[PDB]
>>> print(open('start05.pdb').read())   # PDB, C-alpha atoms
MODEL        1
ATOM      1  CA  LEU F 542      13.957  47.506  46.219  1.00  0.00           C
ATOM      2  CA  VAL F 543      12.026  49.759  48.605  1.00  0.00           C
ATOM      3  CA  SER F 544      12.779  47.872  51.833  1.00  0.00           C
ATOM      4  CA  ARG F 545      16.495  47.339  51.182  1.00  0.00           C
TER       5      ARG F 545
ATOM      6  CA  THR Q 784     -16.459  34.385  21.410  1.00  0.00           C
ATOM      7  CA  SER Q 785     -13.403  34.362  19.139  1.00  0.00           C
ATOM      8  CA  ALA Q 786     -11.725  37.396  20.730  1.00  0.00           C
ATOM      9  CA  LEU Q 787      -9.081  36.639  23.372  1.00  0.00           C
ATOM     10  CA  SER Q 788      -8.847  40.336  24.365  1.00  0.00           C
ATOM     11  CA  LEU Q 789      -5.050  40.420  24.773  1.00  0.00           C
ATOM     12  CA  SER Q 790      -4.114  43.986  23.728  1.00  0.00           C
ATOM     13  CA  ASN Q 791      -6.166  45.916  26.263  1.00  0.00           C
ATOM     14  CA  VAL Q 792      -4.644  44.141  29.217  1.00  0.00           C
ATOM     15  CA  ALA Q 793      -1.266  44.951  27.665  1.00  0.00           C
ATOM     16  CA  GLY Q 794      -2.428  48.555  27.955  1.00  0.00           C
ATOM     17  CA  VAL Q 795      -3.182  48.208  31.650  1.00  0.00           C
ATOM     18  CA  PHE Q 796       0.227  46.534  31.798  1.00  0.00           C
ATOM     19  CA  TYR Q 797       1.682  49.774  30.457  1.00  0.00           C
ATOM     20  CA  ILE Q 798      -0.066  51.765  33.179  1.00  0.00           C
ATOM     21  CA  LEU Q 799       1.096  49.207  35.762  1.00  0.00           C
ATOM     22  CA  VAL Q 800       4.706  49.643  34.700  1.00  0.00           C
ATOM     23  CA  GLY Q 801       4.131  53.388  34.875  1.00  0.00           C
ATOM     24  CA  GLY Q 802       2.910  52.975  38.439  1.00  0.00           C
ATOM     25  CA  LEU Q 803       6.047  50.984  39.192  1.00  0.00           C
ATOM     26  CA  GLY Q 804       8.142  53.829  37.827  1.00  0.00           C
ATOM     27  CA  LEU Q 805       6.365  56.299  40.104  1.00  0.00           C
ATOM     28  CA  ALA Q 806       6.823  53.813  42.946  1.00  0.00           C
ATOM     29  CA  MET Q 807      10.572  53.792  42.353  1.00  0.00           C
ATOM     30  CA  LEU Q 808      10.429  57.595  42.158  1.00  0.00           C
ATOM     31  CA  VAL Q 809       9.045  57.669  45.700  1.00  0.00           C
ATOM     32  CA  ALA Q 810      11.495  54.933  46.731  1.00  0.00           C
ATOM     33  CA  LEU Q 811      14.433  57.168  45.806  1.00  0.00           C
ATOM     34  CA  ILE Q 812      13.336  60.089  47.989  1.00  0.00           C
ATOM     35  CA  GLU Q 813      12.516  57.569  50.720  1.00  0.00           C
ATOM     36  CA  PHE Q 814      16.008  56.010  50.681  1.00  0.00           C
ATOM     37  CA  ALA Q 815      17.743  59.366  50.222  1.00  0.00           C
ATOM     38  CA  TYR Q 816      16.337  60.920  53.379  1.00  0.00           C
TER      39      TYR Q 816
ENDMDL
END
>>> encode(input="start05.pdb", output="structure tokens")
Amino acid sequence: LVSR
Amino acid sequence: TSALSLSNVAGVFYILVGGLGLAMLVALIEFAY
């Protein structure tokens, strides 16, 4: 969720 | 040692989920800007  | 000690770790599970909420909170300001 944080990366993409 | 009859006790399985299952409630306490559910407590640290609650603080883990809290930490995930804060993590998402930082994730929002990180994806916004």
>>> resolve_selection(input="start05.pdb", expression="the PyMOL selection byres ((chain F and resi 545) around 12)", output="MDAnalysis selection string")
(chainID F and resid 542:544) or (chainID Q and resid 810:811 813:814)
>>> atom_distance(input="start05.pdb", atom1="CA of residue 793 in chain Q", atom2="CA of residue 806 in chain Q")
19.4 Å
>>> atom_distance(input="start05.pdb", atom1="CA of residue 815 in chain Q", atom2="CA of residue 798 in chain Q")
25.8 Å
>>> axis_aligned_box(input="start05.pdb", around="chain F", padding_each_side="4 Å", output="AutoDock Vina command-line options")
--center_x 14.3 --center_y 48.5 --center_z 49.0 --size_x 12.5 --size_y 10.4 --size_z 13.6
